[PDB]
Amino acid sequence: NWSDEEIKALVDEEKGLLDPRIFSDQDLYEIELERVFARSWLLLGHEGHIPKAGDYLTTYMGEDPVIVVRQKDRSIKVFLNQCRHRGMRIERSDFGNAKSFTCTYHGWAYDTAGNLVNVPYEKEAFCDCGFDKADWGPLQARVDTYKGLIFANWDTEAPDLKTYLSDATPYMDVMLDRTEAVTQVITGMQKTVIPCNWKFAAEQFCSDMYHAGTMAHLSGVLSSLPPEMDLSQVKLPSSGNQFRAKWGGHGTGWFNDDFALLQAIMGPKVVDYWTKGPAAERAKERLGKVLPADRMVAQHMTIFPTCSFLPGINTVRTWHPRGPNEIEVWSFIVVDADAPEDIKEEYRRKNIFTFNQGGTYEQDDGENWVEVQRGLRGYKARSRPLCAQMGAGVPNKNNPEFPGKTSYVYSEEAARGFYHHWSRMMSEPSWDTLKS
């Protein structure tokens, strides 16, 4: 099978070369579940998904189903949605409020913390004791949040969430920390299946503004523009930058100053709320302390490995892996809690129209990934590296005004960082070296 050396060689961070096999190899996928998904901080949802004690949500961490539930002390617990007796799914509903969880196979019952509290006929069948319910509760995951977003990680040796986020938080704040009131999540999570590798999706949201700046969304722009306006009336701004996290593979890109571009997508109502008035001013006050967030347009971002969102548009989603050739997209919409109700409604409708499966933008996104995955069946198609050198080693593309390593809006520096960190998690057994 695969040696760490061979794995590390699959990605050339310097020249910017990607071995196509990382997107199709089944063995590498199994390794990803172990070395990537089982030890990364993964997006599970938003605090607004489980506001009250007992409220729960069933989702995934890689391909492991998990239950996310609010505790009475307001903390959040996340554990494997699998009964240790014979492996039955403990909770089969999508969400709700519970006082307990029961496995219907043999009746093993659990409390909202995931403790096995009742085993039918325990004294008659397990004793005459050598059996202790305390030893058989489903695996617990570490849980933390970052301004509304809930993350989980199974690895007790991994760095805490904040540390993990490296120097990428200021960029996340653009969407999550605009007000002291926090963000709310619109009710309703959309789940869809796409036959492609998770890396294509996560990478795109991490470093690929290029597809949007070229041909991928010409039809999407036409759909979101006013009927009297056409493409010739839209100048794609020449000025934007991209950020690569110091550590972790996170990334984000954006255009500078020209909000007409964001307005071409979200409309004037959303853009004005985002750029003019008390709300916008309040945001500049908070965000300006770390970066010139007020000039960022149509920002795209990915928190390694599968947490992606678009500040300004406000769609958020987790890419759940389903083997090397498939994923599930679980998306939701966030809005400022104190935003005017008509602004929240506008964000809801614009999101459904654009970045929801069925939207005028999202559908063209999957179109490329799907075609790429199909082609990887070919032997020659997997025999030569993909070109990820855009801007590699090219000077004078950074913008010191923004914190961290930056480059031009059309660049693959962030992508290079994305795949490089991937290669590291995949080839480094211990956090002793990985956390560095």
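Quick note: we count residues from 1 along the sequence shown, nothing fancier.
The gap between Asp128 and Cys129 holds 4 to 9 unmodelled residues of the deposited sequence. According to the PDB record, 133-141 carries the higher mean C-alpha B-factor of the two stretches 305-313 and 133-141. Stretches 95-103 and 236-244 differ in mean C-alpha B factor, with the higher average recorded for 236-244. In this entry, the residue among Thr192, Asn351, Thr275, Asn325 with the greatest C-alpha B factor is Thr275. Per the deposited coordinates, the residue with the largest Cα temperature factor out of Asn81, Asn356, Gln204, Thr187 is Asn356. Per the deposited record, the Cα B-factor of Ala216 falls in the middle third when ranked against the other modelled residues of its chain. Residue-level temperature factors show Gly404 in the middle third of its chain, judged at the C-alpha atom. In the deposited entry, the Cα temperature factor of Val335 sits in the middle third of values across the chain's modelled residues. For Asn197, the recorded CA temperature factor ranks within the lowest third of the chain's modelled residues.
Per the PDB record, residue ranking by Cα B-factor puts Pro268 in the highest third of the chain.
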